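File shown: run35.pdb (PDB, C-alpha atoms).
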```
ATOM      1  CA  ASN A   3      19.350 -13.510  20.088
ATOM      2  CA  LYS A   4      17.192 -11.469  22.536
ATOM      3  CA  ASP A   5      15.715  -9.279  19.752
ATOM      4  CA  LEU A   6      14.142 -12.167  17.827
ATOM      5  CA  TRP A   7      10.548 -12.963  18.837
ATOM      6  CA  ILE A   8       6.866 -13.089  17.932
ATOM      7  CA  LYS A   9       4.163 -12.176  20.471
ATOM      8  CA  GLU A  10       0.424 -12.519  20.070
ATOM      9  CA  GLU A  11      -1.325 -10.124  22.456
ATOM     10  CA  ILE A  12      -4.513  -8.080  22.964
ATOM     11  CA  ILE A  13      -4.929  -4.492  21.719
ATOM     12  CA  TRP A  14      -7.981  -2.200  22.020
ATOM     13  CA  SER A  15      -9.276  -4.467  24.840
ATOM     14  CA  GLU A  16     -10.569  -7.390  22.719
ATOM     15  CA  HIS A  17      -8.509  -7.622  19.512
ATOM     16  CA  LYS A  18      -5.635  -9.930  18.799
ATOM     17  CA  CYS A  19      -2.484  -8.388  17.378
ATOM     18  CA  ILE A  20       0.932  -9.795  16.533
ATOM     19  CA  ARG A  21       4.103  -7.944  17.528
ATOM     20  CA  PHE A  22       7.276  -9.299  15.896
ATOM     21  CA  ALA A  23      10.956  -8.470  16.075
ATOM     22  CA  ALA A  24      14.181  -9.431  14.328
ATOM     23  CA  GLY A  25      17.506  -7.791  13.533
ATOM     24  CA  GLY A  26      16.818  -4.649  15.560
ATOM     25  CA  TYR A  27      13.422  -3.977  13.950
ATOM     26  CA  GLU A  28       9.999  -4.399  15.550
ATOM     27  CA  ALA A  29       6.589  -4.466  13.807
ATOM     28  CA  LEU A  30       2.930  -4.638  14.839
ATOM     29  CA  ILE A  31       0.213  -6.161  12.691
ATOM     30  CA  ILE A  32      -3.580  -5.981  13.229
ATOM     31  CA  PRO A  33      -5.300  -8.993  11.605
ATOM     32  CA  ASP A  34      -8.831  -7.742  12.419
ATOM     33  CA  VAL A  35      -8.321  -4.583  10.341
ATOM     34  CA  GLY A  36      -6.852  -5.423   6.920
ATOM     35  CA  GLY A  37      -3.878  -7.358   8.273
ATOM     36  CA  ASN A  38      -2.448  -3.861   8.565
ATOM     37  CA  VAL A  39       1.149  -3.461   9.727
ATOM     38  CA  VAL A  40       0.682  -0.201  11.699
ATOM     39  CA  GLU A  41       4.151   0.039  13.170
ATOM     40  CA  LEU A  42       7.684  -0.671  11.890
ATOM     41  CA  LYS A  43      10.482   0.749  14.012
ATOM     42  CA  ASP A  44      14.170   0.398  14.926
ATOM     43  CA  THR A  45      14.187   1.488  18.559
ATOM     44  CA  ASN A  46      18.023   1.666  18.792
ATOM     45  CA  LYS A  47      18.143   4.085  15.827
ATOM     46  CA  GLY A  48      15.118   5.970  17.128
ATOM     47  CA  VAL A  49      13.323   5.522  13.791
ATOM     48  CA  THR A  50       9.630   4.776  13.380
ATOM     49  CA  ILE A  51       8.747   4.348   9.703
ATOM     50  CA  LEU A  52       4.982   3.822   9.480
ATOM     51  CA  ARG A  53       2.250   6.122  10.715
ATOM     52  CA  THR A  54       0.711   4.399  13.764
ATOM     53  CA  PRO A  55      -2.616   5.078  15.570
ATOM     54  CA  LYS A  56      -2.239   7.171  18.735
ATOM     55  CA  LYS A  57      -3.327   5.686  22.099
ATOM     56  CA  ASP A  58      -6.527   7.778  22.065
ATOM     57  CA  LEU A  59      -7.781   6.524  18.652
ATOM     58  CA  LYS A  60     -10.777   4.251  19.091
ATOM     59  CA  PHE A  61     -10.840   0.880  17.362
ATOM     60  CA  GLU A  62     -13.951   1.797  15.423
ATOM     61  CA  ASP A  63     -12.403   5.031  14.052
ATOM     62  CA  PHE A  64      -9.376   2.997  12.946
ATOM     63  CA  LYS A  65     -11.526   0.294  11.301
ATOM     64  CA  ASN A  66     -13.594   2.918   9.483
ATOM     65  CA  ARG A  67     -10.527   4.695   8.002
ATOM     66  CA  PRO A  68      -7.484   2.415   8.173
ATOM     67  CA  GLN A  69      -6.015   3.690   4.937
ATOM     68  CA  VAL A  70      -4.250   6.655   6.642
ATOM     69  CA  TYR A  71      -2.133   4.339   8.835
ATOM     70  CA  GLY A  72       0.494   1.649   8.283
ATOM     71  CA  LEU A  73       0.298  -0.621   5.208
ATOM     72  CA  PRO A  74      -3.336  -0.743   3.945
ATOM     73  CA  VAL A  75      -3.764  -3.261   1.136
ATOM     74  CA  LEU A  76      -6.003  -2.067  -1.710
ATOM     75  CA  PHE A  77      -8.120  -4.110  -4.144
ATOM     76  CA  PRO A  78      -8.581  -2.180  -6.346
ATOM     77  CA  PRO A  79      -6.238   0.695  -5.464
ATOM     78  CA  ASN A  80      -7.910   4.046  -5.991
ATOM     79  CA  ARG A  81     -10.919   4.802  -8.217
ATOM     80  CA  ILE A  82     -13.226   2.939 -10.593
ATOM     81  CA  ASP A  83     -15.346   5.395 -12.606
ATOM     82  CA  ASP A  84     -19.047   5.176 -11.566
ATOM     83  CA  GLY A  85     -18.158   1.961  -9.726
ATOM     84  CA  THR A  86     -18.465  -0.017 -12.956
ATOM     85  CA  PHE A  87     -16.397  -1.663 -15.668
ATOM     86  CA  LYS A  88     -16.667  -4.499 -18.165
ATOM     87  CA  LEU A  89     -14.552  -7.577 -18.757
ATOM     88  CA  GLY A  90     -15.562  -9.119 -22.045
ATOM     89  CA  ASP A  91     -19.340  -9.275 -22.008
ATOM     90  CA  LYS A  92     -19.526  -9.193 -18.171
ATOM     91  CA  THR A  93     -20.473  -6.006 -16.291
ATOM     92  CA  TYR A  94     -19.215  -5.358 -12.782
ATOM     93  CA  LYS A  95     -21.167  -2.764 -10.811
ATOM     94  CA  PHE A  96     -20.199  -1.811  -7.242
ATOM     95  CA  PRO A  97     -21.996   0.443  -4.773
ATOM     96  CA  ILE A  98     -20.554   3.995  -4.781
ATOM     97  CA  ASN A  99     -18.237   4.600  -1.758
ATOM     98  CA  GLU A 100     -16.801   7.944  -2.991
ATOM     99  CA  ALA A 101     -19.880  10.103  -3.180
ATOM    100  CA  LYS A 102     -18.580  13.467  -4.394
ATOM    101  CA  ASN A 103     -16.810  12.035  -7.464
ATOM    102  CA  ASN A 104     -19.242   9.055  -7.956
ATOM    103  CA  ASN A 105     -16.604   6.317  -7.839
ATOM    104  CA  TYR A 106     -15.824   3.038  -6.158
ATOM    105  CA  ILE A 107     -12.457   3.429  -4.401
ATOM    106  CA  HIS A 108      -9.824   1.284  -2.608
ATOM    107  CA  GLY A 109     -11.838  -1.889  -1.901
ATOM    108  CA  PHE A 110     -12.975  -3.531   1.355
ATOM    109  CA  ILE A 111     -10.162  -5.933   2.219
ATOM    110  CA  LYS A 112      -8.353  -3.123   4.089
ATOM    111  CA  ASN A 113     -11.394  -2.877   6.433
ATOM    112  CA  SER A 114     -11.979  -6.624   6.781
ATOM    113  CA  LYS A 115     -10.905  -9.348   9.205
ATOM    114  CA  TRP A 116      -7.912 -11.399   8.189
ATOM    115  CA  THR A 117      -6.763 -14.569   9.935
ATOM    116  CA  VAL A 118      -3.271 -15.471  11.086
ATOM    117  CA  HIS A 119      -1.884 -18.116   8.768
ATOM    118  CA  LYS A 120       1.713 -18.584   9.971
ATOM    119  CA  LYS A 121       4.080 -17.454  12.713
ATOM    120  CA  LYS A 122       7.669 -18.673  12.553
ATOM    121  CA  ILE A 123      11.075 -17.733  13.816
ATOM    122  CA  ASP A 124      13.898 -19.161  11.745
ATOM    123  CA  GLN A 125      17.531 -18.376  11.432
ATOM    124  CA  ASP A 126      17.404 -14.778  12.613
ATOM    125  CA  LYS A 127      14.146 -13.799  10.826
ATOM    126  CA  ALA A 128      10.553 -13.417  12.075
ATOM    127  CA  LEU A 129       7.809 -14.463   9.682
ATOM    128  CA  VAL A 130       4.120 -13.581  10.074
ATOM    129  CA  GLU A 131       1.520 -14.366   7.415
ATOM    130  CA  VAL A 132      -2.137 -13.363   7.318
ATOM    131  CA  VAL A 133      -4.797 -14.404   4.858
ATOM    132  CA  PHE A 134      -8.160 -13.161   3.709
ATOM    133  CA  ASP A 135     -10.585 -15.788   2.411
ATOM    134  CA  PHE A 136     -13.306 -14.373   0.179
ATOM    135  CA  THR A 137     -16.133 -16.900  -0.108
ATOM    136  CA  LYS A 138     -19.541 -17.251  -1.684
ATOM    137  CA  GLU A 139     -21.008 -16.350   1.728
ATOM    138  CA  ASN A 140     -19.424 -12.894   1.849
ATOM    139  CA  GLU A 141     -21.962 -10.078   1.581
ATOM    140  CA  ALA A 142     -19.838  -8.594  -1.222
ATOM    141  CA  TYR A 143     -19.797 -11.807  -3.321
ATOM    142  CA  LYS A 144     -22.962 -10.718  -5.168
ATOM    143  CA  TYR A 145     -21.075  -7.680  -6.511
ATOM    144  CA  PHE A 146     -17.804  -9.524  -7.333
ATOM    145  CA  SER A 147     -18.577 -13.189  -7.777
ATOM    146  CA  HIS A 148     -15.079 -14.662  -7.648
ATOM    147  CA  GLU A 149     -13.827 -16.636  -4.665
ATOM    148  CA  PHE A 150     -10.231 -15.706  -3.840
ATOM    149  CA  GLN A 151      -7.569 -15.796  -1.153
ATOM    150  CA  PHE A 152      -5.306 -12.867  -0.444
ATOM    151  CA  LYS A 153      -2.107 -13.403   1.580
ATOM    152  CA  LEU A 154       0.328 -10.954   3.116
ATOM    153  CA  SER A 155       3.615 -12.581   4.078
ATOM    154  CA  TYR A 156       5.833 -10.415   6.251
ATOM    155  CA  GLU A 157       9.431 -11.347   6.881
ATOM    156  CA  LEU A 158      11.344  -9.219   9.336
ATOM    157  CA  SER A 159      15.169  -9.390   9.547
ATOM    158  CA  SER A 160      18.261  -7.236   9.799
ATOM    159  CA  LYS A 161      17.515  -6.228   6.204
ATOM    160  CA  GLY A 162      14.208  -4.711   7.365
ATOM    161  CA  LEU A 163      10.672  -5.757   6.468
ATOM    162  CA  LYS A 164       9.900  -7.808   3.341
ATOM    163  CA  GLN A 165       6.292  -7.859   2.284
ATOM    164  CA  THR A 166       5.174 -10.519  -0.223
ATOM    165  CA  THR A 167       1.565  -9.851  -1.339
ATOM    166  CA  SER A 168      -0.289 -12.525  -3.286
ATOM    167  CA  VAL A 169      -3.727 -13.375  -4.456
ATOM    168  CA  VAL A 170      -5.089 -16.541  -6.078
ATOM    169  CA  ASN A 171      -8.295 -16.722  -8.113
ATOM    170  CA  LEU A 172     -10.316 -19.604  -6.615
ATOM    171  CA  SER A 173     -13.269 -19.056  -8.989
ATOM    172  CA  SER A 174     -14.214 -20.759 -12.238
ATOM    173  CA  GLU A 175     -13.899 -17.536 -14.292
ATOM    174  CA  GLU A 176     -11.320 -14.944 -15.287
ATOM    175  CA  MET A 177     -10.865 -12.500 -12.363
ATOM    176  CA  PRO A 178     -10.051  -8.786 -12.788
ATOM    177  CA  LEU A 179      -6.935  -7.810 -10.864
ATOM    178  CA  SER A 180      -5.455  -4.533  -9.668
ATOM    179  CA  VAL A 181      -3.657  -4.302  -6.338
ATOM    180  CA  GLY A 182      -1.862  -1.602  -4.380
ATOM    181  CA  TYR A 183      -1.150  -0.113  -0.993
ATOM    182  CA  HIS A 184      -2.106   3.148   0.679
ATOM    183  CA  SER A 185       1.128   3.138   2.677
ATOM    184  CA  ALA A 186       1.355   5.874   5.360
ATOM    185  CA  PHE A 187       4.785   7.199   6.359
ATOM    186  CA  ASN A 188       5.895   9.326   9.278
ATOM    187  CA  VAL A 189       7.423  12.621   8.092
ATOM    188  CA  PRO A 190       9.532  13.136  10.190
ATOM    189  CA  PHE A 191      10.361   9.556  11.168
ATOM    190  CA  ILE A 192      12.894  10.381  13.906
ATOM    191  CA  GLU A 193      12.704  12.522  17.069
ATOM    192  CA  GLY A 194      14.541  15.851  17.182
ATOM    193  CA  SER A 195      13.863  16.552  13.542
ATOM    194  CA  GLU A 196      11.135  18.405  11.623
ATOM    195  CA  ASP A 197       8.770  17.685   8.694
ATOM    196  CA  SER A 198      10.721  20.335   6.651
ATOM    197  CA  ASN A 199      13.915  18.287   7.008
ATOM    198  CA  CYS A 200      12.503  15.434   4.912
ATOM    199  CA  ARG A 201      12.905  14.995   1.148
ATOM    200  CA  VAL A 202      11.016  12.392  -0.900
ATOM    201  CA  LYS A 203      12.543  10.691  -4.001
ATOM    202  CA  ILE A 204      10.530   8.405  -6.256
ATOM    203  CA  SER A 205      11.635   6.501  -9.393
ATOM    204  CA  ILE A 206       9.035   8.162 -11.601
ATOM    205  CA  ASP A 207       8.698   7.729 -15.351
ATOM    206  CA  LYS A 208       5.762   9.912 -16.469
ATOM    207  CA  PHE A 209       3.175  12.093 -14.774
ATOM    208  CA  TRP A 210      -0.502  11.208 -15.547
ATOM    209  CA  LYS A 211      -3.029  14.020 -15.547
ATOM    210  CA  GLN A 212      -6.244  13.599 -13.595
ATOM    211  CA  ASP A 213      -9.647  15.241 -14.273
ATOM    212  CA  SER A 214     -11.968  16.901 -11.758
ATOM    213  CA  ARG A 215     -13.268  13.457 -10.599
ATOM    214  CA  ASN A 216      -9.677  12.310 -10.034
ATOM    215  CA  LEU A 217      -9.860   9.864 -12.979
ATOM    216  CA  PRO A 218      -6.962   9.822 -15.449
ATOM    217  CA  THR A 219      -7.447  11.641 -18.701
ATOM    218  CA  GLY A 220      -5.122   9.155 -20.357
ATOM    219  CA  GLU A 221      -2.543  11.845 -21.106
ATOM    220  CA  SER A 222       0.968  11.371 -19.771
ATOM    221  CA  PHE A 223       3.861  13.836 -19.533
ATOM    222  CA  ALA A 224       7.559  14.028 -18.818
ATOM    223  CA  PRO A 225       8.106  15.320 -15.228
ATOM    224  CA  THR A 226       8.003  19.098 -15.070
ATOM    225  CA  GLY A 227       8.802  21.671 -12.422
ATOM    226  CA  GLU A 228       8.970  20.322  -8.932
ATOM    227  CA  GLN A 229       8.246  16.769 -10.220
ATOM    228  CA  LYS A 230      11.811  16.650 -11.537
ATOM    229  CA  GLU A 231      13.100  16.733  -7.971
ATOM    230  CA  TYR A 232      11.697  13.272  -7.288
ATOM    231  CA  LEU A 233      14.615  11.996  -9.446
ATOM    232  CA  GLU A 234      17.278  14.429  -8.159
ATOM    233  CA  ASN A 235      17.438  16.026  -4.707
ATOM    234  CA  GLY A 236      13.947  15.082  -3.511
ATOM    235  CA  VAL A 237      10.655  16.917  -2.960
ATOM    236  CA  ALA A 238      10.039  18.738   0.395
ATOM    237  CA  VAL A 239       6.802  16.862   0.855
ATOM    238  CA  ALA A 240       5.583  18.914   3.816
ATOM    239  CA  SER A 241       5.683  22.302   2.056
ATOM    240  CA  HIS A 242       2.315  22.200   0.255
ATOM    241  CA  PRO A 243      -0.549  19.879  -0.770
ATOM    242  CA  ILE A 244       0.501  17.065  -3.113
ATOM    243  CA  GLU A 245      -1.793  14.588  -4.861
ATOM    244  CA  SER A 246      -0.169  13.080  -7.939
ATOM    245  CA  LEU A 247      -0.178   9.983 -10.137
ATOM    246  CA  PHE A 248       3.039   8.676 -11.751
ATOM    247  CA  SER A 249       4.161   5.654 -13.655
ATOM    248  CA  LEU A 250       7.305   4.000 -12.283
ATOM    249  CA  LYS A 251      10.588   2.918 -13.809
ATOM    250  CA  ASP A 252      13.881   1.483 -12.614
ATOM    251  CA  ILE A 253      16.771   3.815 -11.890
ATOM    252  CA  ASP A 254      20.421   3.056 -11.119
ATOM    253  CA  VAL A 255      21.613   3.562  -7.528
ATOM    254  CA  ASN A 256      25.136   2.385  -6.515
ATOM    255  CA  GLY A 257      25.653  -0.040  -9.381
ATOM    256  CA  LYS A 258      22.299  -1.668  -8.834
ATOM    257  CA  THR A 259      18.790  -1.100 -10.244
ATOM    258  CA  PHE A 260      16.207   0.327  -7.852
ATOM    259  CA  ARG A 261      12.500   0.915  -8.103
ATOM    260  CA  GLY A 262      10.545   2.700  -5.393
ATOM    261  CA  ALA A 263      10.808   5.614  -3.048
ATOM    262  CA  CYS A 264      12.838   6.987  -0.249
ATOM    263  CA  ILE A 265      12.511   9.612   2.452
ATOM    264  CA  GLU A 266      15.806  11.328   3.359
ATOM    265  CA  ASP A 267      16.480  13.315   6.520
ATOM    266  CA  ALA A 268      19.955  14.689   5.892
ATOM    267  CA  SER A 269      19.870  16.437   9.294
ATOM    268  CA  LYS A 270      19.917  12.948  10.885
ATOM    269  CA  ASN A 271      21.964  11.219   8.139
ATOM    270  CA  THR A 272      19.185   8.639   7.728
ATOM    271  CA  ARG A 273      17.128   7.431   4.744
ATOM    272  CA  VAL A 274      13.915   5.356   4.858
ATOM    273  CA  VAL A 275      13.712   3.141   1.773
ATOM    274  CA  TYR A 276      10.552   1.678   0.216
ATOM    275  CA  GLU A 277      11.666  -0.698  -2.547
ATOM    276  CA  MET A 278       9.014  -2.067  -4.889
ATOM    277  CA  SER A 279       9.132  -5.004  -7.304
ATOM    278  CA  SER A 280       8.466  -4.582 -11.044
ATOM    279  CA  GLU A 281       4.886  -5.739 -10.538
ATOM    280  CA  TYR A 282       4.228  -2.224  -9.216
ATOM    281  CA  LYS A 283       3.898   0.004 -12.257
ATOM    282  CA  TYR A 284       2.185   3.164 -10.945
ATOM    283  CA  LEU A 285       2.245   5.202  -7.761
ATOM    284  CA  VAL A 286       0.117   7.841  -6.094
ATOM    285  CA  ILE A 287       1.716  10.278  -3.692
ATOM    286  CA  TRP A 288      -0.749  12.078  -1.423
ATOM    287  CA  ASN A 289       0.317  14.043   1.660
ATOM    288  CA  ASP A 290      -3.128  15.009   3.089
ATOM    289  CA  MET A 291      -2.363  18.762   2.634
ATOM    290  CA  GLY A 292       1.204  18.293   4.015
ATOM    291  CA  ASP A 293       0.399  19.614   7.493
ATOM    292  CA  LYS A 294      -0.183  16.337   9.391
ATOM    293  CA  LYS A 295       3.391  14.969   9.767
ATOM    294  CA  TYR A 296       2.806  12.094   7.324
ATOM    295  CA  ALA A 297       2.600  11.281   3.661
ATOM    296  CA  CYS A 298       1.177   8.390   1.690
ATOM    297  CA  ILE A 299       3.293   6.707  -0.977
ATOM    298  CA  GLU A 300       0.993   4.339  -2.792
ATOM    299  CA  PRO A 301       2.292   1.671  -5.187
ATOM    300  CA  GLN A 302      -0.172   0.152  -7.663
ATOM    301  CA  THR A 303      -0.075  -2.616 -10.270
ATOM    302  CA  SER A 304      -2.031  -0.471 -12.669
ATOM    303  CA  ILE A 305      -3.167   3.023 -13.425
ATOM    304  CA  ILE A 306      -6.114   4.549 -11.581
ATOM    305  CA  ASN A 307      -9.391   3.312 -13.201
ATOM    306  CA  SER A 308      -7.332   0.760 -15.235
ATOM    307  CA  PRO A 309     -10.285  -1.442 -16.295
ATOM    308  CA  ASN A 310     -11.840   1.548 -18.111
ATOM    309  CA  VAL A 311      -8.905   3.432 -19.720
ATOM    310  CA  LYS A 312      -8.402   3.444 -23.528
ATOM    311  CA  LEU A 313      -4.883   2.183 -23.300
ATOM    312  CA  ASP A 314      -3.407  -1.210 -23.965
ATOM    313  CA  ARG A 315      -2.867  -3.486 -20.976
ATOM    314  CA  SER A 316       0.907  -3.325 -21.374
ATOM    315  CA  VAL A 317       0.592   0.414 -20.595
ATOM    316  CA  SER A 318      -2.353   0.438 -18.133
ATOM    317  CA  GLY A 319      -1.163  -2.602 -16.149
ATOM    318  CA  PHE A 320      -4.684  -4.013 -15.881
ATOM    319  CA  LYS A 321      -4.466  -7.783 -15.507
ATOM    320  CA  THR A 322      -6.750 -10.708 -15.045
ATOM    321  CA  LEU A 323      -6.172 -14.028 -13.333
ATOM    322  CA  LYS A 324      -7.280 -17.283 -14.921
ATOM    323  CA  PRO A 325      -8.802 -19.947 -12.600
ATOM    324  CA  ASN A 326      -6.286 -20.928  -9.906
ATOM    325  CA  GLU A 327      -3.733 -18.464 -11.261
ATOM    326  CA  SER A 328      -1.943 -16.200  -8.815
ATOM    327  CA  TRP A 329      -0.289 -12.777  -8.735
ATOM    328  CA  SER A 330       2.508 -11.864  -6.300
ATOM    329  CA  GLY A 331       4.455  -8.659  -5.647
ATOM    330  CA  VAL A 332       7.220  -7.808  -3.202
ATOM    331  CA  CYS A 333       8.116  -4.588  -1.354
ATOM    332  CA  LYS A 334      10.843  -3.941   1.179
ATOM    333  CA  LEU A 335      11.078  -1.296   3.879
ATOM    334  CA  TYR A 336      14.408  -0.556   5.599
ATOM    335  CA  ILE A 337      16.557   2.180   7.090
ATOM    336  CA  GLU A 338      20.065   3.096   5.962
ATOM    337  CA  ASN A 339      22.791   5.637   6.647
ATOM    338  CA  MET A 340      23.274   8.403   4.122
TER     339      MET A 340
END
```
Produce structure tokens that represent the structure in this file.
Amino acid sequence: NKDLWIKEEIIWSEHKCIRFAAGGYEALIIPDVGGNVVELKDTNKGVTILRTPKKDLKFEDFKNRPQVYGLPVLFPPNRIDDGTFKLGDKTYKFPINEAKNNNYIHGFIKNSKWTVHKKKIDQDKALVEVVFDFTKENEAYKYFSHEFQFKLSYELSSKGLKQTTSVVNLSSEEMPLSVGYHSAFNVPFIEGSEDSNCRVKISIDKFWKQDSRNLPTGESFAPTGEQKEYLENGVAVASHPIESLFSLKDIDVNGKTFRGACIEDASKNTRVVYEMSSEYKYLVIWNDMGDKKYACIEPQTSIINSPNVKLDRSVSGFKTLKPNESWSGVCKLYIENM
């Protein structure tokens, strides 16, 4: 059909981008900055899901802070205490990039150049894949001496956007692994609505307290107060500042298990759904004070600071990859009627 295509074009004067469309959806990915999908919309429904840079934002200001737009991939997601952890008798020590709390945070792959690996239209789906090759020549290799390849595989269709994230350890040693996304959502996501019309639901299990450096204390709690609304009628995310860490569980929705989040605008009878595979065990919600018409909903394979917590790996979610072993997780983003 006419709405199935993939276009490579120039953005910000000298950067390649890929725009892709299938099943009424259209997306835009920026390989040069984190392979970030900065736009996902359904123009006929008038819905734009992901927070996208405005025309006036300079490339350099995007590249320096891409995590507040689109789908920023994190490695590791969130904080490592003092930028250091051990694996067996090996010490990893990273330069501090969160000064106030003395942590290493989020990783560099979100800021880095990825290369286009595949572009394919097939049946009525559009597939775009980008990869990041981390080699011995990378300036960061001295701090994390494991060759690896990350891949983001995006499949767009009438079912929305499917994101398959994978990484393979190409090194000769066991590689620490924690992955997530700093995903940035429009609230509201449709014209003729308001931020106050949006409710956020999340399939939370427990709340995890954070200390004054934003590191987990290791204590977890049943949802209390407003947190309970994530499982019932939804939190009015724009009403006040929110910065919270939860573990995730499956819930039952319409005879089927579901893990993830959704953003409901009852006024427009539309729900944005962010479905996450079981590989995603924790989630940070952060709305940047709630006054900027967006919120971040941030899935993670493990707890914040997972390499350092005094919890078993089955709880923390910290993982390692053996040589040539891979990890993969899947998320889906789509729109549905309420």
Handout entry: Hits from the PyMOL selection byres ((chain A and resi 55-58) around 9), listed as a count of residues only
Key = 9
Exercise for the section: May I have the residues within 9 Å of stretch 97-105 of chain A as a PyMOL selection string, using all atoms listed in the file and disregarding those fewer than 4 positions away in the same chain? Expected result: chain A and resi 81-86+145+214-216
Would you output that residue set with C-alpha atoms, as a compact mmCIF listing (two decimals), in the coordinates of the input?
```txt
# COMPACT_ATOMS: atom_id res chain seq x y z
CA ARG A 81 -10.92 4.80 -8.22
CA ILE A 82 -13.23 2.94 -10.59
CA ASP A 83 -15.35 5.40 -12.61
CA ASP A 84 -19.05 5.18 -11.57
CA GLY A 85 -18.16 1.96 -9.73
CA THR A 86 -18.46 -0.02 -12.96
CA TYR A 145 -21.08 -7.68 -6.51
CA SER A 214 -11.97 16.90 -11.76
CA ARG A 215 -13.27 13.46 -10.60
CA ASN A 216 -9.68 12.31 -10.03
```
Exercise for the section: Provide the atom CA of residue A:117 to atom CA of residue A:34 distance in Å, to one decimal place. Expected result: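 Separation between atom CA of residue A:117 and atom CA of residue A:34: 7.6 Å.
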Handout entry: Expected selection from the PyMOL selection byres ((chain A and resi 299-308) around 8), given as a ChimeraX atom specification
Key = /A:79-83,180-187,217-218,249,263,278,281-288,297-298,309-311,318-320
Keeping only C-alpha atoms, write the selected residues to a file as a PDB file, in the coordinates of the input.
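Output (out36.pdb):
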```
ATOM      1  CA  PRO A  79      -6.238   0.695  -5.464  1.00  0.00           C
ATOM      2  CA  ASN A  80      -7.910   4.046  -5.991  1.00  0.00           C
ATOM      3  CA  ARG A  81     -10.919   4.802  -8.217  1.00  0.00           C
ATOM      4  CA  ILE A  82     -13.226   2.939 -10.593  1.00  0.00           C
ATOM      5  CA  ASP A  83     -15.346   5.395 -12.606  1.00  0.00           C
ATOM      6  CA  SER A 180      -5.455  -4.533  -9.668  1.00  0.00           C
ATOM      7  CA  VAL A 181      -3.657  -4.302  -6.338  1.00  0.00           C
ATOM      8  CA  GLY A 182      -1.862  -1.602  -4.380  1.00  0.00           C
ATOM      9  CA  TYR A 183      -1.150  -0.113  -0.993  1.00  0.00           C
ATOM     10  CA  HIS A 184      -2.106   3.148   0.679  1.00  0.00           C
ATOM     11  CA  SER A 185       1.128   3.138   2.677  1.00  0.00           C
ATOM     12  CA  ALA A 186       1.355   5.874   5.360  1.00  0.00           C
ATOM     13  CA  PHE A 187       4.785   7.199   6.359  1.00  0.00           C
ATOM     14  CA  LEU A 217      -9.860   9.864 -12.979  1.00  0.00           C
ATOM     15  CA  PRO A 218      -6.962   9.822 -15.449  1.00  0.00           C
ATOM     16  CA  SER A 249       4.161   5.654 -13.655  1.00  0.00           C
ATOM     17  CA  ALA A 263      10.808   5.614  -3.048  1.00  0.00           C
ATOM     18  CA  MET A 278       9.014  -2.067  -4.889  1.00  0.00           C
ATOM     19  CA  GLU A 281       4.886  -5.739 -10.538  1.00  0.00           C
ATOM     20  CA  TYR A 282       4.228  -2.224  -9.216  1.00  0.00           C
ATOM     21  CA  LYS A 283       3.898   0.004 -12.257  1.00  0.00           C
ATOM     22  CA  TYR A 284       2.185   3.164 -10.945  1.00  0.00           C
ATOM     23  CA  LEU A 285       2.245   5.202  -7.761  1.00  0.00           C
ATOM     24  CA  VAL A 286       0.117   7.841  -6.094  1.00  0.00           C
ATOM     25  CA  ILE A 287       1.716  10.278  -3.692  1.00  0.00           C
ATOM     26  CA  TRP A 288      -0.749  12.078  -1.423  1.00  0.00           C
ATOM     27  CA  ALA A 297       2.600  11.281   3.661  1.00  0.00           C
ATOM     28  CA  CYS A 298       1.177   8.390   1.690  1.00  0.00           C
ATOM     29  CA  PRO A 309     -10.285  -1.442 -16.295  1.00  0.00           C
ATOM     30  CA  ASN A 310     -11.840   1.548 -18.111  1.00  0.00           C
ATOM     31  CA  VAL A 311      -8.905   3.432 -19.720  1.00  0.00           C
ATOM     32  CA  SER A 318      -2.353   0.438 -18.133  1.00  0.00           C
ATOM     33  CA  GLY A 319      -1.163  -2.602 -16.149  1.00  0.00           C
ATOM     34  CA  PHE A 320      -4.684  -4.013 -15.881  1.00  0.00           C
TER      35      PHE A 320
END
```
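Distances here use all atoms listed in the file; by that measure, the residue among A:246, A:167, A:262, A:106 closest to residue A:213 is A:246.
Residues matching the PyMOL selection byres ((chain A and resi 170-173) around 10) in this structure come to residues 135, 136, 137, 138, 147, 148, 149, 150, 151, 152, 153, 168, 169, 174, 175, 176, 177, 178, 179, 322, 323, 324, 325, 326, 327, 328, 329 and 330 of chain A.
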Problem - All residues 8 Å or closer to residue A:275, only C-alpha atoms, same chain fewer than 3 positions away omitted, as a ChimeraX atom specification - result: /A:262-265,334-338
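Here atom CA of residue A:201 is placed at a distance of 15.7 Å from atom CA of residue A:227.
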Handout entry: Nearest to residue A:50 by atom-to-atom distance, counting all atoms listed in the file, from A:290, A:126, A:193, A:157
Key =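 The shortest atom-to-atom distance to residue A:50 comes from A:193.
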Practice task
Pick out the residues sitting within 6 Å of residue A:332, and hand them over as an NGL selection string; count only C-alpha atoms, and ignore anything fewer than 6 positions along from it in its own chain.
Solution key: :A and (165-166 or 279)
Exercise for the section: Find the residue from A:192, A:291, A:30, A:133 that sits nearest to residue A:45; use all atoms listed in the file when measuring. Expected result: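 Smallest distance to residue A:45 is found for A:192.
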Exercise for the section: Calculate how many Å separate atom CA of residue A:127 from atom CA of residue A:5, rounding to one decimal. Expected result: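 Answer for the atom CA of residue A:127 to atom CA of residue A:5 separation: 10.1 Å.
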